[PDB]
Amino acid sequence: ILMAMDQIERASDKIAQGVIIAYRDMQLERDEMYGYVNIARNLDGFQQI
Amino acid sequence: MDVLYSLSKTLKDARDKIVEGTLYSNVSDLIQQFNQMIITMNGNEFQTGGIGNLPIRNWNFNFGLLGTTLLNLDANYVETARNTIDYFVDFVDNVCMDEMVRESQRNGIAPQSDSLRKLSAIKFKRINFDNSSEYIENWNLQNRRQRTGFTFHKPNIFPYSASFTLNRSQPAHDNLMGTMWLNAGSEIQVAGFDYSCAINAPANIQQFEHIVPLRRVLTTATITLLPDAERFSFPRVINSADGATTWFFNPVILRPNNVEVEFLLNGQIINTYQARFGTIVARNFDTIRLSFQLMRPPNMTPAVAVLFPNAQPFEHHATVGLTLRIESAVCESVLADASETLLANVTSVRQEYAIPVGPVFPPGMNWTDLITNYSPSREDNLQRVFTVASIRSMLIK
Amino acid sequence: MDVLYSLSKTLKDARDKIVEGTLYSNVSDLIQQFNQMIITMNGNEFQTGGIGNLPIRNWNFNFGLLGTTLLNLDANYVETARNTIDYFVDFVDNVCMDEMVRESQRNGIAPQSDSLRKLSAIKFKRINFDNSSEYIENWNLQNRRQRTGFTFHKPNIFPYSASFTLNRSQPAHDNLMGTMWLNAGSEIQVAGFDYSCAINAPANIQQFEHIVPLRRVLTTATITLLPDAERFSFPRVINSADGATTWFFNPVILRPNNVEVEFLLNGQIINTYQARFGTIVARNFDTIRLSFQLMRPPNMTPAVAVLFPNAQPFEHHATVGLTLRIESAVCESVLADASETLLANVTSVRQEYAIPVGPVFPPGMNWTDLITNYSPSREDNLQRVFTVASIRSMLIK
Amino acid sequence: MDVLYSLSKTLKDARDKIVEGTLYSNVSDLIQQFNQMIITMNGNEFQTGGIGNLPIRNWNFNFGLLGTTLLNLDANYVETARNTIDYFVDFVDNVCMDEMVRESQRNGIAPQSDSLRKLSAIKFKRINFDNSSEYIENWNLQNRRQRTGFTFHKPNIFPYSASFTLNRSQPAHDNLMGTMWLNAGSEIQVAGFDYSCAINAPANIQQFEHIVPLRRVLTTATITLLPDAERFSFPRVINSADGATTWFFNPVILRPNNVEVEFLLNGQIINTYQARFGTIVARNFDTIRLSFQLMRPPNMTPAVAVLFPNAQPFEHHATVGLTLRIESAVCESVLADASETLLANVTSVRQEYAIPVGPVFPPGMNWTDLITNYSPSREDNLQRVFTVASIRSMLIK
Amino acid sequence: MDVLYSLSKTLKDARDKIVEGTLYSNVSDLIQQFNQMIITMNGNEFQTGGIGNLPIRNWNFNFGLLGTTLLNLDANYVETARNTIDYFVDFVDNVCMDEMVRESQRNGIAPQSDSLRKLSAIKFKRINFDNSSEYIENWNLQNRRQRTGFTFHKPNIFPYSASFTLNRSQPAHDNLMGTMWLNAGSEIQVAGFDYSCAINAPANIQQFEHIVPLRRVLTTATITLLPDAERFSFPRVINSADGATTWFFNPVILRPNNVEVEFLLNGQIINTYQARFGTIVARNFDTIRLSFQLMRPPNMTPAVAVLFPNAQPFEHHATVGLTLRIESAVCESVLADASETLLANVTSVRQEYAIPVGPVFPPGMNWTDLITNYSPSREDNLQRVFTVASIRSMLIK
């Protein structure tokens, strides 16, 4: 139940996993379930708080 | 390193299998992997070039994502896929060409160019499509302190040397007895010559020996053995080491008897063959030792009776020849062969941008100068450059 | 053209994947591909042959779809698939044989046989599984006018040519001096012969120059260099250019001096190597130039002075030989290679049905005449026939 | 039989595809296959070894299922996978080694060891995965009587036999007219020599004939024809037929004319090539019969009158030769090649433990004696051993 | 590797900080580390030895915990800690000794014994306490490929070579003018001798120079320079150059004039010193060249007037000397010194268990033969073994 915690937690459609702010013009992603959605798959390259 | 191969394999798959008309269900895994790769590589900066004459280029990865909706692929899908593919493959090829042109005398198993240094981070370890290629599999095996292997067709492993050693010598050079050989490529030609046909040697039989070691460990080698060597079967005029002496050599190929080969490893006997020819094989050997007897025929015809006088005045000298060719063999280290294009591609890329000679590799990538002083660090660097060259060979055909 | 390769690849996968015991998820994509193929191919009749001794057969695909099972297959499903596989492999073999034996001066990129043209319509483009082989990738990339090439090992490129040249000649034929060469297959052997031992030439050194052109350029080639002629070193009775009288030949081999191997591009110096022998690498070239000097030995022992006097008559002539052998290279245009059985398959299919000499290929599929008159139209036709043969060589081992 | 190949393939795929970071939608089917194989292979004991010096080994399988819930493979999953993969690799290697050396003269196309016999029952049939290599698919095709095919590169098909015959001889061996030929590997060099230059034979033309029977059937073979013997041109001292005397040889090479080369199948003419040196191509043949001519030149120069005097003495004799080599071929049976390491592999594994041998295989896998007498049972046993070797080469290098 | 040093440091602190009566405030972190180590290591199994003379030792980690109470430690707590301390010390010592006697040709940095390879797993990373010694810090900084650095007290870098050269020579050995030098450890004692007293030489100055190449590059070298040599300053009897007899050498010391010491790097004269003695500093150097001149005394007193006759008969010779000693050194690569004793411990265990000799280390782990050909692979092996020895020396004095 702990090894698969992240998959159960993230797949929920009521809570998110954080917010990324960059103040730089960045494009959005295209997915076959949300259409044009603003999603960041990874969090590399920023300060984690 | 392995991340680069995963990217190369994914790029090849996207370049090839994405064609009009195919069912989308056949590339669902491929399209998902491609989307994951685009996500991982996006939003990063990479630099290349700066040493020698490689044009410095700057890459910024701002790209979209391929759709996962169309039931059957269409033309615009292909055009967008190729639009991404061209930039990705240009980046891959430039990364490879930048990696090939830098070397380190120590720790050659590690990345040297900035691109592979950045790709070593754990963040970029999300793209590991497969390791089906033999060279990349060998690299992974070497990365975990385990046995490796390679398969080659006629691998040039013998050092290039051309010399002859005399056992009996005279200043006038008219009564000689010695061994002449040439170790070129993957073929060995050894011929022992005598001027008297054993008229004064004990028991009318002359014994000849010849030793050629090796710098690595060949394994499971098919060896072709044939008598009466080719190159040493016609008259020659050859200079000597004195720097002022020239002698003549008139060969007459006798028949070889009691041919003895000895495959040695670490100063021990592993395979021994006697009085056999055709195609032979040894399991594991490190050096080759050959033994044979030059025998004077006790029975002669007048046409032969004039050929071998019983006095010092000699009209024709005698010798026997042996040829040894390695057709197929298995090695544990990277070796340049005649059935691949790796070392040739590395040298071509080196000379294309005219990189100045490094501290480790001899100038011009001269193979003989590399093999005459083979070192394990040079072996590791050669393995790295050969793996990256094989990665390059998967893109430009 | 792509449809035939799709058929071959999917037939091999279906034959070598659907065996009793495997899980259902291992053949899902293949099962759907076969279902789509059966849906698309049924109904459309086809005709093969019509020319030569190849029988004129008919085809009308009347096969239903395949089943499935959740746990594992059953042998009845296996044989139901196998019968359809047999019909399809017969059809593919027949259409490949039909495609092999048609050619014309007009653009050969377009299909020629009616079966392929009827297959190449938009109506049957959905059955396009993948392009992962080598020749198919080359074809697809050449369709879009990009960098193309093929992997060659011991390429049989140079035409059969046995000719010699003279620099000074006499009607008596006892004072010859010139260059004799034999460039057969992938091996180049050039020998410069002198009878006067350079006792009359300035600086006592005789210069020999040899040049050989190449029709199609080469890239990242590896060539071994041996400073001898293991073939042109025998006593010979060579016919003169007169056609009725012959002259005598008797060589003695000295070590060549100032061996210069040159690689040029359109008359521009690219790669130079001085006094180096062994496996060397040339970045790119399209012509080969060899220059070497025959030097009279500074010191002559009696066994040497017996043969090279200041007098006129000679019986033991002098000659130095050079060996050139190409191991592997990648060429932009397709060339008949030795590592694959493509040429043999092409000529077998051409000669089975007694198809006379066409307007392009020389009679008997002789390679020397075809490669001596290489043209871009012939290049395209050769590429097409090679790709068809490669597709055919996948189903009937 | 195919179960061992399936085990090798699944182990290799798991070792080169189960790497941390890959998407889980790329190895789902492979992981399903691995888990099902583990489920099917649990609880069965196996005994391996017990012949010769090969140690006796025992194997027990008892393991739990892997994980299938993660979406990105991490350290623990790959660690467990490698932990079980090492044990499976050891099992495969030892089972293959034990089953390989064993031989029999009855039913050499059936399993021979305890492991293979127990692993080819009904229950263990649900682990077959695929047949992607060439040797295993050839095995499958030959099992149900389909056309057999094999691709070789310069294979050792002709045996080794250095024998010669003389048409006109003398009791003292001074005036001879006969033929010599060295048949070894895939090379055929037949030379004809006439001492008198056909001054007593009609029409001044002397004909030499030779036949070389191949031991099996070939198909789609490329032949390079160099019209000069590389060997039978150096001075020789050769022992005569009776073994009581040896005679002298001083050949001089003359170019051959009216060269006829023919390829016959089932005792019937199939292909005819005349006076075409270089590259030739044949479709299917079983016996090579060569007929060439030597013609005395009509007019001669002052350097030639001393070569062929019509008088009694003879010291230099007109000699011709043809070089026949196969650069590629396709056969229906199995023969030792030059591009791979099958024969080397079997010889190494057999000689490592020195299994006692009966009347099944030739002593020490002597290839020449094996080709000498070729019984179908030997062919089947050799094919089975080569297939097992190919399976072995997939996992352990 | 780092885990081993962490274990060593933690064990040393545990054994030398936990003494009866000490306050809890000085051991809190150490108590936490000990508890973490025992709670992580428990339940595993380890094997070691089995090669040479080390029997297979099996270790099981099963110990209790340490209470977080008893602010002041009593003796019972001391003994309970001591038992586990002794067991851990024995385990660490045996593992280190097993590791110290295994070598490999390639990838020498990585561990070879099964114990360390197992310890390099993922779950054991929890104990990586700290890094404080020179070797551990240098290793962990080399893992990121940063600048390396070691401090040595009078190292031994110069290979032994008691070689001499003669500029002018004759088979009489009574008129010589040359130089003699010794390369023993950190001492360079060069000397230049003359028999003619420079009467024949122009300007009465006999030039002397000498070159000694260092195998590695040093930085921040303090050099003590003295103008007198105390080795080649006594009557001696020395074998000749080739060696056929013995010549005599009767020296007299003279004041060197214009002494020049230069430290070079790749052909650049970096640091210079002219007519200076005492101490000098070279910031970065790899080669040493010394030049000094013998000067005939322009003025003489009766004794030295009779010392050198103007003719060829010479009863006494003249010789100048120099002395160079490396006081302290800083190098980028590991070395053996006269202060640290890690090489001594390595050789001690080597000859304690008499492990066979690998091809990468000369017998006896001698320093002269090893430094004769200093290879990067041997350098990596030296670095690994020296780091392991430094780890060991922190536990067993």
# chains A, B, ... in the order shown; residues from 1 in each chain; ligands from 1
$ residues_around --residues "residue 168 (chain B)" --least-positions-apart "4" --cutoff "10 Å" --atoms "only C-alpha atoms" --output "NGL selection string"
:B and (173 or 175-178 or 194-195)
$ select_by_dssp --residues "region 60-199 of chain C" --states "strand (DSSP E)" --output "ChimeraX atom specification"
/C:150-153,158-168,177-185,187-194
$ closest_residue --among "B:36, B:393, B:94, B:142" --to "chain C" --atoms "only C-alpha atoms"
B:393
$ residues_around --residues "residue 352 (chain C)" --least-positions-apart "3" --cutoff "10 Å" --atoms "only C-alpha atoms" --output "MDAnalysis selection string"
(chainID C and resid 52:54 347:349 355) or (chainID D and resid 283)
$ interface_residues --of "chain D" --to "chain E" --cutoff "12 Å" --atoms "only C-alpha atoms" --output "PDB file with N, CA, C and O atoms, in the first residue's frame"
ATOM      1  N   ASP D  74      12.025   1.419 -10.663  1.00  0.00           N
ATOM      2  CA  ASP D  74      12.953   1.997  -9.700  1.00  0.00           C
ATOM      3  C   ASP D  74      13.994   0.954  -9.290  1.00  0.00           C
ATOM      4  O   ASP D  74      14.071  -0.139  -9.859  1.00  0.00           O
ATOM      5  N   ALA D  75      14.797   1.307  -8.284  1.00  0.00           N
ATOM      6  CA  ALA D  75      15.940   0.479  -7.910  1.00  0.00           C
ATOM      7  C   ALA D  75      15.510  -0.899  -7.419  1.00  0.00           C
ATOM      8  O   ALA D  75      16.128  -1.908  -7.773  1.00  0.00           O
ATOM      9  N   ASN D  76      14.460  -0.964  -6.596  1.00  0.00           N
ATOM     10  CA  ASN D  76      14.066  -2.241  -6.007  1.00  0.00           C
ATOM     11  C   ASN D  76      13.599  -3.233  -7.067  1.00  0.00           C
ATOM     12  O   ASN D  76      13.970  -4.415  -7.030  1.00  0.00           O
ATOM     13  N   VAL D  78      14.204  -3.380 -10.415  1.00  0.00           N
ATOM     14  CA  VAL D  78      15.297  -3.856 -11.254  1.00  0.00           C
ATOM     15  C   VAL D  78      16.251  -4.725 -10.447  1.00  0.00           C
ATOM     16  O   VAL D  78      16.823  -5.684 -10.976  1.00  0.00           O
ATOM     17  N   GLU D  79      16.428  -4.421  -9.159  1.00  0.00           N
ATOM     18  CA  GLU D  79      17.304  -5.235  -8.321  1.00  0.00           C
ATOM     19  C   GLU D  79      16.776  -6.660  -8.203  1.00  0.00           C
ATOM     20  O   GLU D  79      17.517  -7.629  -8.403  1.00  0.00           O
TER      21      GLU D  79
END
$ closest_atom_pairs --of "chain A" --to "chain B" --cutoff "10 Å" --atoms "only C-alpha atoms" --output "JSON lines"
{"residue": "A:26", "atom": "CA", "partner": "B:62", "partner_atom": "CA", "distance": 8.4}
{"residue": "A:27", "atom": "CA", "partner": "B:64", "partner_atom": "CA", "distance": 7.7}
{"residue": "A:28", "atom": "CA", "partner": "B:64", "partner_atom": "CA", "distance": 7.8}
{"residue": "A:29", "atom": "CA", "partner": "B:65", "partner_atom": "CA", "distance": 6.3}
{"residue": "A:30", "atom": "CA", "partner": "B:65", "partner_atom": "CA", "distance": 5.8}
{"residue": "A:31", "atom": "CA", "partner": "B:67", "partner_atom": "CA", "distance": 6.8}
{"residue": "A:32", "atom": "CA", "partner": "B:68", "partner_atom": "CA", "distance": 5.5}
{"residue": "A:33", "atom": "CA", "partner": "B:69", "partner_atom": "CA", "distance": 9.1}
{"residue": "A:35", "atom": "CA", "partner": "B:67", "partner_atom": "CA", "distance": 9.5}
{"residue": "A:40", "atom": "CA", "partner": "B:39", "partner_atom": "CA", "distance": 8.6}
{"residue": "A:41", "atom": "CA", "partner": "B:39", "partner_atom": "CA", "distance": 7.0}
{"residue": "A:42", "atom": "CA", "partner": "B:40", "partner_atom": "CA", "distance": 7.5}
{"residue": "A:43", "atom": "CA", "partner": "B:123", "partner_atom": "CA", "distance": 9.9}
{"residue": "A:44", "atom": "CA", "partner": "B:123", "partner_atom": "CA", "distance": 7.5}
{"residue": "A:45", "atom": "CA", "partner": "B:44", "partner_atom": "CA", "distance": 8.6}
$ closest_residue --among "C:321, C:120, C:299, C:222" --to "residue 180 (chain C)" --atoms "only C-alpha atoms"
C:321
$ select_by_dssp --residues "region 25-231 of chain D" --states "alpha helix (DSSP H)" --output "PyMOL selection string"
chain D and resi 28-40+75-101+114-118+134-143
$ atom_distance --atom1 "CA of residue 364 (chain E)" --atom2 "CA of residue 342 (chain E)"
14.6 Å
$ atom_distance --atom1 "CA of residue 21 (chain D)" --atom2 "CA of residue 33 (chain B)"
11.3 Å
